[PDB]
Amino acid sequence: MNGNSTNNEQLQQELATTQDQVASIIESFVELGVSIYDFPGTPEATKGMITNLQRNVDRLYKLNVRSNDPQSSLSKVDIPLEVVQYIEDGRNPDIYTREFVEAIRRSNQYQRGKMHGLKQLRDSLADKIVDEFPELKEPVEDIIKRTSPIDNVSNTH
Amino acid sequence: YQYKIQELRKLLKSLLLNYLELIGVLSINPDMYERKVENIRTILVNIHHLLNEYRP
């Protein structure tokens with residue numbers, strides 16, 4: 001677990017510095033956007049725009065070669081398609097996480113409701129079998145004991 | 001045919017017990033249900049075959 005702890009530490013560091021790099025790219029974007037909007041046409045402005053493209057290309061250089069870097073958890077972190085299309089839709093991905101983990105709890109509670117309803121059916125039917133047929137007391141007790149075994153994954157919540 | 005009639009009673013009681021055991025297996029772990037469904041399947045065909053033997 002030490003390896004998982006330390007590699008998640010470089011997950012957090014790598015994501016934070018990519019926050020920094022992507023934010024720098026967006027800042028370069030806002031400055032050439034205002035350059036387009038208020039371009040004075042001077043050669044100094046054109047060379048400033050050329051250097052803006054230079055810095056955009058080298059930031060993309062750094063982050064692409066670091067996406068191919070072996071000393072990276074960039075590949076080990078996993079991305080699915082629903083969150084990326086959900087962000088493309090303009091909606092907040094923490095809602096996607098919320099809905100998905102709430103679906104986890106929905107399926108857990110729904111299956112637990114199945115289990116408890118089946119247990120109610122089991123012990124009600126077993127009691128009525130015992131009441132109707134007095135010669136079936138031992139097989140029903142054996143069946144209930146076998147289908148209610150020792151708890152190793154139910155005592156803990 | 002008294003042996004067959006008492007065997008039919010025993011098969012009926014075994015079918016009811018096998019249903020109760022199937023409900024228990026479904027209530028704790030519905031992944032070994034295949035053998036219990038198979039036992040209900042063979043108990044039922046045994047009941048039906050005993051009825052067909054009694055049919056003449």
Check: In the range A:11-60, how many are in contact with a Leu (Cβ under 7 Å, 6 or more places away or on another chain) and free of Cβ contacts under 8 Å to residues at least 24 places away in the same chain?
Finding: 1
Checklist line | Candidate set: the range A:117-157, residues that are of a type in the set (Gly, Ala, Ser) and under 39 Å from the mean Cα position of the chain (by Cα); chosen: the one surrounded by the most Cβ atoms within 10 Å (Cβ to Cβ) | finding: A:148
Notebook entry, point to check: In the range A:43-75, how many are within 20 Å of residue A:22 (Cα to Cα) and either basic (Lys, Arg) or assigned to a helix (DSSP H, G or I) (or both)?
Noted result: 19
Check: under 24 Å from residue A:128 (Cβ atoms), assigned to a helix (DSSP H, G or I) and away from chain A (no Cβ under 12 Å), is that true of residue B:43?
Finding: yes
Notebook entry, point to check: Among B:53, B:7, B:34, B:21, which is within 30 Å of residue A:151 (Cα to Cα) and more than 14 Å from chain A (Cβ to nearest Cβ)?
Noted result: B:34
Check: Does residue A:14 satisfy the condition of being closer than 27 Å to residue A:100 by Cα, surrounded by 13 or more Cβ atoms within 10 Å (Cβ to Cβ) and among the charged types (D, E, K, R)?
Finding: yes
Check: Can you tell me how many residues in the range A:76-89 are among the hydrophobic types (A, V, I, L, M, F, W, C), without any contact (Cβ under 8 Å) to a residue 40 or more places away in the chain and in a loop (DSSP other than H, G, I, E, B)?
Finding: 1
Next item on the list: Would you please list the contacts, defined by Cβ atoms under 6 Å and residues six or more apart or on different chains, that run from a residue in the range B:20-45 that is under 23 Å from residue B:8 (Cα atoms) and in contact (Cβ under 8 Å) with a residue 12 or more places away in the chain to a residue that is of a type in the set (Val, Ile, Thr) and assigned to a helix (DSSP H, G or I)?
Entry: B:21/A:143; B:36/B:25
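As a convention, Cβ positions derive from the backbone with ideal geometry for all residues, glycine included, and neighbour counts pool all protein chains shown. None of the figures in this text is laboratory data; all of them are computed from the coordinates on show.
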